[PDB]
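**Student:** I'm passing along start.pdb; it holds PDB, N, CA, C and O atoms.
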```pdb
ATOM      1  N   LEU Y   1       0.817  -1.216   0.000  1.00  0.00           N
ATOM      2  CA  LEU Y   1       0.000   0.000   0.000  1.00  0.00           C
ATOM      3  C   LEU Y   1       0.849   1.262   0.000  1.00  0.00           C
ATOM      4  O   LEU Y   1       1.820   1.350   0.738  1.00  0.00           O
ATOM      5  N   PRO Y   2       0.464   2.242  -0.814  1.00  0.00           N
ATOM      6  CA  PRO Y   2       1.207   3.510  -0.860  1.00  0.00           C
ATOM      7  C   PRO Y   2       1.232   4.200   0.498  1.00  0.00           C
ATOM      8  O   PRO Y   2       0.252   4.183   1.243  1.00  0.00           O
ATOM      9  N   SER Y   3       2.355   4.860   0.795  1.00  0.00           N
ATOM     10  CA  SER Y   3       2.562   5.451   2.113  1.00  0.00           C
ATOM     11  C   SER Y   3       1.585   6.583   2.421  1.00  0.00           C
ATOM     12  O   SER Y   3       1.377   6.897   3.596  1.00  0.00           O
ATOM     13  N   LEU Y   4       0.983   7.198   1.407  1.00  0.00           N
ATOM     14  CA  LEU Y   4      -0.003   8.235   1.675  1.00  0.00           C
ATOM     15  C   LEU Y   4      -1.243   7.666   2.345  1.00  0.00           C
ATOM     16  O   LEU Y   4      -1.938   8.389   3.059  1.00  0.00           O
ATOM     17  N   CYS Y   5      -1.547   6.386   2.109  1.00  0.00           N
ATOM     18  CA  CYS Y   5      -2.700   5.767   2.746  1.00  0.00           C
ATOM     19  C   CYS Y   5      -2.600   5.740   4.265  1.00  0.00           C
ATOM     20  O   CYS Y   5      -3.629   5.589   4.925  1.00  0.00           O
ATOM     21  N   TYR Y   6      -1.403   5.885   4.837  1.00  0.00           N
ATOM     22  CA  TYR Y   6      -1.231   5.913   6.285  1.00  0.00           C
ATOM     23  C   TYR Y   6      -1.020   7.322   6.814  1.00  0.00           C
ATOM     24  O   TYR Y   6      -0.826   7.508   8.018  1.00  0.00           O
ATOM     25  N   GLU Y   7      -1.056   8.311   5.953  1.00  0.00           N
ATOM     26  CA  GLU Y   7      -1.022   9.683   6.423  1.00  0.00           C
ATOM     27  C   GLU Y   7      -2.329   9.986   7.132  1.00  0.00           C
ATOM     28  O   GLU Y   7      -3.396   9.620   6.629  1.00  0.00           O
ATOM     29  N   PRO Y   8      -2.298  10.617   8.302  1.00  0.00           N
ATOM     30  CA  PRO Y   8      -3.543  10.930   9.004  1.00  0.00           C
ATOM     31  C   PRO Y   8      -4.317  12.006   8.273  1.00  0.00           C
ATOM     32  O   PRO Y   8      -3.744  12.883   7.627  1.00  0.00           O
ATOM     33  N   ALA Y   9      -5.638  11.947   8.410  1.00  0.00           N
ATOM     34  CA  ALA Y   9      -6.495  12.977   7.856  1.00  0.00           C
ATOM     35  C   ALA Y   9      -6.125  14.336   8.434  1.00  0.00           C
ATOM     36  O   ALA Y   9      -5.849  14.460   9.627  1.00  0.00           O
ATOM     37  N   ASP Y  10      -6.169  15.370   7.591  1.00  0.00           N
ATOM     38  CA  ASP Y  10      -5.681  16.703   7.952  1.00  0.00           C
ATOM     39  C   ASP Y  10      -6.568  17.744   7.288  1.00  0.00           C
ATOM     40  O   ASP Y  10      -6.564  17.868   6.062  1.00  0.00           O
ATOM     41  N   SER Y  11      -7.301  18.519   8.084  1.00  0.00           N
ATOM     42  CA  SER Y  11      -8.192  19.511   7.497  1.00  0.00           C
ATOM     43  C   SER Y  11      -7.459  20.668   6.845  1.00  0.00           C
ATOM     44  O   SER Y  11      -8.114  21.499   6.204  1.00  0.00           O
ATOM     45  N   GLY Y  12      -6.142  20.765   6.993  1.00  0.00           N
ATOM     46  CA  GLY Y  12      -5.427  21.843   6.339  1.00  0.00           C
ATOM     47  C   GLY Y  12      -5.558  23.160   7.075  1.00  0.00           C
ATOM     48  O   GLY Y  12      -5.484  23.180   8.306  1.00  0.00           O
ATOM     49  N   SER Y  13      -5.770  24.266   6.350  1.00  0.00           N
ATOM     50  CA  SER Y  13      -5.669  25.568   6.997  1.00  0.00           C
ATOM     51  C   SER Y  13      -6.536  26.662   6.399  1.00  0.00           C
ATOM     52  O   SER Y  13      -6.582  27.748   6.980  1.00  0.00           O
ATOM     53  N   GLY Y  14      -7.220  26.441   5.283  1.00  0.00           N
ATOM     54  CA  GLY Y  14      -7.965  27.542   4.703  1.00  0.00           C
ATOM     55  C   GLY Y  14      -9.171  28.006   5.495  1.00  0.00           C
ATOM     56  O   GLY Y  14      -9.220  27.887   6.720  1.00  0.00           O
ATOM     57  N   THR Y  15     -10.166  28.542   4.799  1.00  0.00           N
ATOM     58  CA  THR Y  15     -11.389  29.005   5.439  1.00  0.00           C
ATOM     59  C   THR Y  15     -12.623  28.320   4.868  1.00  0.00           C
ATOM     60  O   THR Y  15     -13.746  28.621   5.295  1.00  0.00           O
ATOM     61  N   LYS Y  16     -12.438  27.405   3.923  1.00  0.00           N
ATOM     62  CA  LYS Y  16     -13.524  26.661   3.306  1.00  0.00           C
ATOM     63  C   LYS Y  16     -13.971  25.496   4.190  1.00  0.00           C
ATOM     64  O   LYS Y  16     -13.398  25.201   5.242  1.00  0.00           O
ATOM     65  N   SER Y  17     -15.024  24.827   3.748  1.00  0.00           N
ATOM     66  CA  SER Y  17     -15.496  23.629   4.397  1.00  0.00           C
ATOM     67  C   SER Y  17     -15.802  22.596   3.312  1.00  0.00           C
ATOM     68  O   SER Y  17     -16.938  22.190   3.099  1.00  0.00           O
ATOM     69  N   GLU Y  18     -14.761  22.160   2.602  1.00  0.00           N
ATOM     70  CA  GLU Y  18     -14.943  21.217   1.510  1.00  0.00           C
ATOM     71  C   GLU Y  18     -15.088  19.793   2.029  1.00  0.00           C
ATOM     72  O   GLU Y  18     -14.354  19.363   2.922  1.00  0.00           O
ATOM     73  N   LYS Y  19     -16.017  19.049   1.434  1.00  0.00           N
ATOM     74  CA  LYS Y  19     -16.144  17.626   1.707  1.00  0.00           C
ATOM     75  C   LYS Y  19     -15.092  16.859   0.904  1.00  0.00           C
ATOM     76  O   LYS Y  19     -15.052  16.945  -0.326  1.00  0.00           O
ATOM     77  N   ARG Y  20     -14.217  16.136   1.601  1.00  0.00           N
ATOM     78  CA  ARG Y  20     -13.179  15.320   0.988  1.00  0.00           C
ATOM     79  C   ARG Y  20     -13.267  13.898   1.536  1.00  0.00           C
ATOM     80  O   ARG Y  20     -14.017  13.618   2.473  1.00  0.00           O
ATOM     81  N   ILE Y  21     -12.489  12.989   0.942  1.00  0.00           N
ATOM     82  CA  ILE Y  21     -12.419  11.589   1.354  1.00  0.00           C
ATOM     83  C   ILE Y  21     -10.983  11.271   1.744  1.00  0.00           C
ATOM     84  O   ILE Y  21     -10.046  11.664   1.042  1.00  0.00           O
ATOM     85  N   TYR Y  22     -10.814  10.528   2.842  1.00  0.00           N
ATOM     86  CA  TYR Y  22      -9.519  10.014   3.265  1.00  0.00           C
ATOM     87  C   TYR Y  22      -9.637   8.526   3.533  1.00  0.00           C
ATOM     88  O   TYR Y  22     -10.720   8.011   3.833  1.00  0.00           O
ATOM     89  N   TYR Y  23      -8.497   7.839   3.420  1.00  0.00           N
ATOM     90  CA  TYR Y  23      -8.396   6.422   3.757  1.00  0.00           C
ATOM     91  C   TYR Y  23      -8.061   6.297   5.236  1.00  0.00           C
ATOM     92  O   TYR Y  23      -6.965   6.675   5.668  1.00  0.00           O
ATOM     93  N   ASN Y  24      -9.002   5.773   6.010  1.00  0.00           N
ATOM     94  CA  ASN Y  24      -8.764   5.428   7.412  1.00  0.00           C
ATOM     95  C   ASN Y  24      -8.087   4.064   7.455  1.00  0.00           C
ATOM     96  O   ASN Y  24      -8.737   3.032   7.284  1.00  0.00           O
ATOM     97  N   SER Y  25      -6.777   4.053   7.686  1.00  0.00           N
ATOM     98  CA  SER Y  25      -6.029   2.799   7.669  1.00  0.00           C
ATOM     99  C   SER Y  25      -6.344   1.896   8.851  1.00  0.00           C
ATOM    100  O   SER Y  25      -6.151   0.684   8.745  1.00  0.00           O
ATOM    101  N   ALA Y  26      -6.832   2.444   9.963  1.00  0.00           N
ATOM    102  CA  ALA Y  26      -7.267   1.587  11.062  1.00  0.00           C
ATOM    103  C   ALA Y  26      -8.506   0.786  10.691  1.00  0.00           C
ATOM    104  O   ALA Y  26      -8.610  -0.393  11.042  1.00  0.00           O
ATOM    105  N   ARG Y  27      -9.455   1.398   9.986  1.00  0.00           N
ATOM    106  CA  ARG Y  27     -10.705   0.732   9.660  1.00  0.00           C
ATOM    107  C   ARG Y  27     -10.708   0.091   8.288  1.00  0.00           C
ATOM    108  O   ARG Y  27     -11.638  -0.661   7.982  1.00  0.00           O
ATOM    109  N   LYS Y  28      -9.715   0.391   7.452  1.00  0.00           N
ATOM    110  CA  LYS Y  28      -9.710  -0.024   6.055  1.00  0.00           C
ATOM    111  C   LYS Y  28     -10.962   0.468   5.336  1.00  0.00           C
ATOM    112  O   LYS Y  28     -11.585  -0.256   4.561  1.00  0.00           O
ATOM    113  N   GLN Y  29     -11.341   1.717   5.587  1.00  0.00           N
ATOM    114  CA  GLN Y  29     -12.406   2.287   4.780  1.00  0.00           C
ATOM    115  C   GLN Y  29     -12.114   3.735   4.427  1.00  0.00           C
ATOM    116  O   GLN Y  29     -11.435   4.463   5.158  1.00  0.00           O
ATOM    117  N   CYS Y  30     -12.650   4.148   3.286  1.00  0.00           N
ATOM    118  CA  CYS Y  30     -12.538   5.523   2.835  1.00  0.00           C
ATOM    119  C   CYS Y  30     -13.690   6.312   3.434  1.00  0.00           C
ATOM    120  O   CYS Y  30     -14.850   5.947   3.256  1.00  0.00           O
ATOM    121  N   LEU Y  31     -13.383   7.375   4.171  1.00  0.00           N
ATOM    122  CA  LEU Y  31     -14.424   8.079   4.892  1.00  0.00           C
ATOM    123  C   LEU Y  31     -14.361   9.565   4.593  1.00  0.00           C
ATOM    124  O   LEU Y  31     -13.363  10.097   4.093  1.00  0.00           O
ATOM    125  N   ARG Y  32     -15.470  10.215   4.896  1.00  0.00           N
ATOM    126  CA  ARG Y  32     -15.597  11.648   4.705  1.00  0.00           C
ATOM    127  C   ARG Y  32     -14.813  12.408   5.768  1.00  0.00           C
ATOM    128  O   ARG Y  32     -14.781  12.017   6.941  1.00  0.00           O
ATOM    129  N   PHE Y  33     -14.180  13.506   5.362  1.00  0.00           N
ATOM    130  CA  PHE Y  33     -13.644  14.463   6.317  1.00  0.00           C
ATOM    131  C   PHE Y  33     -13.789  15.852   5.720  1.00  0.00           C
ATOM    132  O   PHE Y  33     -14.095  16.013   4.535  1.00  0.00           O
ATOM    133  N   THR Y  34     -13.610  16.864   6.563  1.00  0.00           N
ATOM    134  CA  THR Y  34     -13.758  18.245   6.137  1.00  0.00           C
ATOM    135  C   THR Y  34     -12.384  18.863   5.947  1.00  0.00           C
ATOM    136  O   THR Y  34     -11.529  18.765   6.832  1.00  0.00           O
ATOM    137  N   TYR Y  35     -12.178  19.478   4.784  1.00  0.00           N
ATOM    138  CA  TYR Y  35     -10.929  20.119   4.405  1.00  0.00           C
ATOM    139  C   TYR Y  35     -11.156  21.622   4.326  1.00  0.00           C
ATOM    140  O   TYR Y  35     -12.217  22.072   3.888  1.00  0.00           O
ATOM    141  N   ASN Y  36     -10.170  22.402   4.758  1.00  0.00           N
ATOM    142  CA  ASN Y  36     -10.379  23.838   4.868  1.00  0.00           C
ATOM    143  C   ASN Y  36      -9.941  24.620   3.637  1.00  0.00           C
ATOM    144  O   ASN Y  36     -10.255  25.808   3.537  1.00  0.00           O
ATOM    145  N   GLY Y  37      -9.257  23.992   2.687  1.00  0.00           N
ATOM    146  CA  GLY Y  37      -8.984  24.659   1.430  1.00  0.00           C
ATOM    147  C   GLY Y  37      -7.536  24.579   1.013  1.00  0.00           C
ATOM    148  O   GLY Y  37      -7.231  24.290  -0.146  1.00  0.00           O
ATOM    149  N   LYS Y  38      -6.634  24.822   1.956  1.00  0.00           N
ATOM    150  CA  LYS Y  38      -5.212  24.869   1.677  1.00  0.00           C
ATOM    151  C   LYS Y  38      -4.478  23.901   2.586  1.00  0.00           C
ATOM    152  O   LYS Y  38      -4.920  23.623   3.701  1.00  0.00           O
ATOM    153  N   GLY Y  39      -3.343  23.403   2.101  1.00  0.00           N
ATOM    154  CA  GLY Y  39      -2.455  22.590   2.911  1.00  0.00           C
ATOM    155  C   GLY Y  39      -2.901  21.145   3.028  1.00  0.00           C
ATOM    156  O   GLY Y  39      -3.493  20.589   2.099  1.00  0.00           O
ATOM    157  N   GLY Y  40      -2.641  20.526   4.169  1.00  0.00           N
ATOM    158  CA  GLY Y  40      -3.031  19.145   4.352  1.00  0.00           C
ATOM    159  C   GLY Y  40      -1.962  18.223   3.827  1.00  0.00           C
ATOM    160  O   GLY Y  40      -0.798  18.611   3.771  1.00  0.00           O
ATOM    161  N   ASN Y  41      -2.327  17.010   3.437  1.00  0.00           N
ATOM    162  CA  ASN Y  41      -1.346  16.050   2.979  1.00  0.00           C
ATOM    163  C   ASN Y  41      -1.981  15.279   1.842  1.00  0.00           C
ATOM    164  O   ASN Y  41      -3.031  15.668   1.332  1.00  0.00           O
ATOM    165  N   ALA Y  42      -1.373  14.158   1.465  1.00  0.00           N
ATOM    166  CA  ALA Y  42      -1.828  13.433   0.287  1.00  0.00           C
ATOM    167  C   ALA Y  42      -2.958  12.449   0.570  1.00  0.00           C
ATOM    168  O   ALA Y  42      -3.487  11.854  -0.375  1.00  0.00           O
ATOM    169  N   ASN Y  43      -3.368  12.270   1.825  1.00  0.00           N
ATOM    170  CA  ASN Y  43      -4.506  11.396   2.124  1.00  0.00           C
ATOM    171  C   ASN Y  43      -5.787  12.221   2.075  1.00  0.00           C
ATOM    172  O   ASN Y  43      -6.446  12.488   3.079  1.00  0.00           O
ATOM    173  N   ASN Y  44      -6.127  12.624   0.855  1.00  0.00           N
ATOM    174  CA  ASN Y  44      -7.126  13.666   0.624  1.00  0.00           C
ATOM    175  C   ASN Y  44      -7.593  13.473  -0.819  1.00  0.00           C
ATOM    176  O   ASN Y  44      -6.854  13.791  -1.747  1.00  0.00           O
ATOM    177  N   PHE Y  45      -8.779  12.911  -1.001  1.00  0.00           N
ATOM    178  CA  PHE Y  45      -9.268  12.601  -2.335  1.00  0.00           C
ATOM    179  C   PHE Y  45     -10.552  13.365  -2.613  1.00  0.00           C
ATOM    180  O   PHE Y  45     -11.333  13.649  -1.698  1.00  0.00           O
ATOM    181  N   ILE Y  46     -10.783  13.664  -3.890  1.00  0.00           N
ATOM    182  CA  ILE Y  46     -11.993  14.392  -4.270  1.00  0.00           C
ATOM    183  C   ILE Y  46     -13.199  13.471  -4.254  1.00  0.00           C
ATOM    184  O   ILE Y  46     -14.315  13.889  -3.923  1.00  0.00           O
ATOM    185  N   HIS Y  47     -13.003  12.207  -4.624  1.00  0.00           N
ATOM    186  CA  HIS Y  47     -14.088  11.250  -4.714  1.00  0.00           C
ATOM    187  C   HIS Y  47     -13.722   9.968  -4.001  1.00  0.00           C
ATOM    188  O   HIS Y  47     -12.545   9.648  -3.807  1.00  0.00           O
ATOM    189  N   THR Y  48     -14.775   9.230  -3.642  1.00  0.00           N
ATOM    190  CA  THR Y  48     -14.601   7.982  -2.920  1.00  0.00           C
ATOM    191  C   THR Y  48     -13.887   6.964  -3.779  1.00  0.00           C
ATOM    192  O   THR Y  48     -12.990   6.260  -3.303  1.00  0.00           O
ATOM    193  N   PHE Y  49     -14.264   6.877  -5.054  1.00  0.00           N
ATOM    194  CA  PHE Y  49     -13.604   5.945  -5.957  1.00  0.00           C
ATOM    195  C   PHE Y  49     -12.087   6.145  -5.961  1.00  0.00           C
ATOM    196  O   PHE Y  49     -11.317   5.179  -5.910  1.00  0.00           O
ATOM    197  N   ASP Y  50     -11.640   7.397  -6.040  1.00  0.00           N
ATOM    198  CA  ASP Y  50     -10.206   7.678  -6.029  1.00  0.00           C
ATOM    199  C   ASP Y  50      -9.551   7.041  -4.818  1.00  0.00           C
ATOM    200  O   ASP Y  50      -8.488   6.418  -4.915  1.00  0.00           O
ATOM    201  N   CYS Y  51     -10.185   7.194  -3.661  1.00  0.00           N
ATOM    202  CA  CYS Y  51      -9.632   6.664  -2.431  1.00  0.00           C
ATOM    203  C   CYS Y  51      -9.622   5.146  -2.462  1.00  0.00           C
ATOM    204  O   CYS Y  51      -8.576   4.518  -2.266  1.00  0.00           O
ATOM    205  N   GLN Y  52     -10.778   4.539  -2.735  1.00  0.00           N
ATOM    206  CA  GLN Y  52     -10.861   3.085  -2.722  1.00  0.00           C
ATOM    207  C   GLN Y  52      -9.926   2.461  -3.729  1.00  0.00           C
ATOM    208  O   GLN Y  52      -9.355   1.400  -3.463  1.00  0.00           O
ATOM    209  N   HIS Y  53      -9.749   3.101  -4.880  1.00  0.00           N
ATOM    210  CA  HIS Y  53      -8.875   2.539  -5.896  1.00  0.00           C
ATOM    211  C   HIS Y  53      -7.406   2.665  -5.520  1.00  0.00           C
ATOM    212  O   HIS Y  53      -6.596   1.834  -5.935  1.00  0.00           O
ATOM    213  N   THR Y  54      -7.040   3.684  -4.744  1.00  0.00           N
ATOM    214  CA  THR Y  54      -5.644   3.885  -4.362  1.00  0.00           C
ATOM    215  C   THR Y  54      -5.245   3.055  -3.148  1.00  0.00           C
ATOM    216  O   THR Y  54      -4.142   2.505  -3.098  1.00  0.00           O
ATOM    217  N   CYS Y  55      -6.123   2.940  -2.160  1.00  0.00           N
ATOM    218  CA  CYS Y  55      -5.760   2.335  -0.887  1.00  0.00           C
ATOM    219  C   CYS Y  55      -6.489   1.022  -0.633  1.00  0.00           C
ATOM    220  O   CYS Y  55      -6.300   0.409   0.419  1.00  0.00           O
ATOM    221  N   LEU Y  56      -7.286   0.559  -1.581  1.00  0.00           N
ATOM    222  CA  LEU Y  56      -7.868  -0.778  -1.499  1.00  0.00           C
ATOM    223  C   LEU Y  56      -7.588  -1.522  -2.817  1.00  0.00           C
ATOM    224  O   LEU Y  56      -6.511  -1.368  -3.416  1.00  0.00           O
TER     225      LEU Y  56
END
```
As structure tokens, how would this structure be written, given the file I've shared?

**Tutor:**
Amino acid sequence: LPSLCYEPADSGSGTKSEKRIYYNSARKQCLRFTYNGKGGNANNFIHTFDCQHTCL
């Protein structure tokens, strides 16, 4: 599994409230989280398919 799949979810730093998807490596599921617009890390997908295809 790619190392980004174990990066913790990170809302970043902006002022937005975007709905994003991250891979929860403890649960082995792609779940919703809130992203603020800027920053964060690579465990941050626009769609669920992107997440499931990368980390499952």

**Student:** Pull out every residue that the PyMOL selection byres ((chain Y and resi 31-45) around 4.5) matches in the shown coordinates and put them as a ChimeraX atom specification.

**Tutor:** /Y:4,10-22,29-30,46-47

**Student:** If DSSP is run on the backbone, what residues of chain Y are alpha helix (DSSP H)? A reply as a PyMOL selection string would be ideal.

**Tutor:** chain Y and resi 48-55

**Student:** Please report, as a PyMOL selection string, each residue of chain Y to which DSSP assigns strand (DSSP E or B) when run on this structure's backbone.

**Tutor:** chain Y and resi 18-24+29-35+45

**Student:** Enter the distance from atom CA of residue 54 of chain Y to atom CA of residue 6 of chain Y, in Å, rounded to one decimal.

**Tutor:**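 Between atom CA of residue 54 of chain Y and atom CA of residue 6 of chain Y the gap is 11.7 Å.
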
**Student:** How many Å lie between atom CA of residue 9 of chain Y and atom CA of residue 53 of chain Y, rounded to one decimal?

**Tutor:**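 About the pair atom CA of residue 9 of chain Y and atom CA of residue 53 of chain Y: they are 17.4 Å apart.
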